[PDB]
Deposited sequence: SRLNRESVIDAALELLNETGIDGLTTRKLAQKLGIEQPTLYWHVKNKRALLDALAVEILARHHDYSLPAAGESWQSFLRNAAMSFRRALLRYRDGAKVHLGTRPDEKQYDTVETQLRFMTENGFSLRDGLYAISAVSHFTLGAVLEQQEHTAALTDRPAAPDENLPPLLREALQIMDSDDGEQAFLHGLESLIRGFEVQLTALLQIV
């Protein structure tokens, strides 16, 4: 079939959903695309190159709230961006692992620059603006990775559970992690706000 970048990425993302990240291989991709492995090699040098491209393309295709809307508050921007990032990571099987194992594009660098510009224009020091954006990223990625790895582990004993843990596990299994995530996200943002507004005051 067609082996332009877009078609190779489409096929690989579809394969990822079938195999997961550990099972994804260039050999299986060649099969999916109806080609011999040396043919694929011309287009895609190895699994690492493949994964780097997928990670970028997942965000490029699906992380559609990467920039603030005109006039949007920083609080709202971080909230929306976090929700968008989470959605994008959850869209594919092992998506967060795919994302984790890369380092950003030149395009992603521009976006981060704009986000950093935006934060600093809203009163954050560069340091605090960065730490905020980092913390949102770390929390969001951590939440998705726990969810997705937990799912992955299931494919491979209530009577002894103590009562609060039993109830906590019931609570956590009750959705895909969204409720816990959204609650933590508000706490994170409010913490940032308390810090920003303090300026040089002891807080």
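Positions of the deposited sequence absent from the coordinates form one stretch: 157-160.
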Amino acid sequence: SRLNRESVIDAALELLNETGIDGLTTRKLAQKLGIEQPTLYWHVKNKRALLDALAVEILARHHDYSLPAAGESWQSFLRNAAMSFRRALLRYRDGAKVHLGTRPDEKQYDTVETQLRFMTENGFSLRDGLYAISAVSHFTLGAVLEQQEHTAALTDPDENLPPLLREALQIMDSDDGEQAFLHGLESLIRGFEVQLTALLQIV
From here on, numbers count along this sequence of modelled residues.
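Mean CA B-factor, 91-99 versus 104-112: the higher value falls on 104-112.
Legend: mean Cα B-factor per stretch from the PDB entry, 133-141 versus 146-154; the higher mean is in 146-154.
Per-chain ranking of the deposited C-alpha B factor places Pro68 in the highest third. In the deposited entry, the Cα temperature factor of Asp22 sits in the top third of values across the chain's modelled residues. Placement of the Cα temperature factor of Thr39 within the chain: lowest third of the modelled residues, per the deposited record. Ranked by Cα temperature factor within the chain, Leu33 sits in the middle third according to the deposited record. Ranked against the other modelled residues of its chain, the C-alpha B-factor of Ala53 as given in the entry falls in the middle third.
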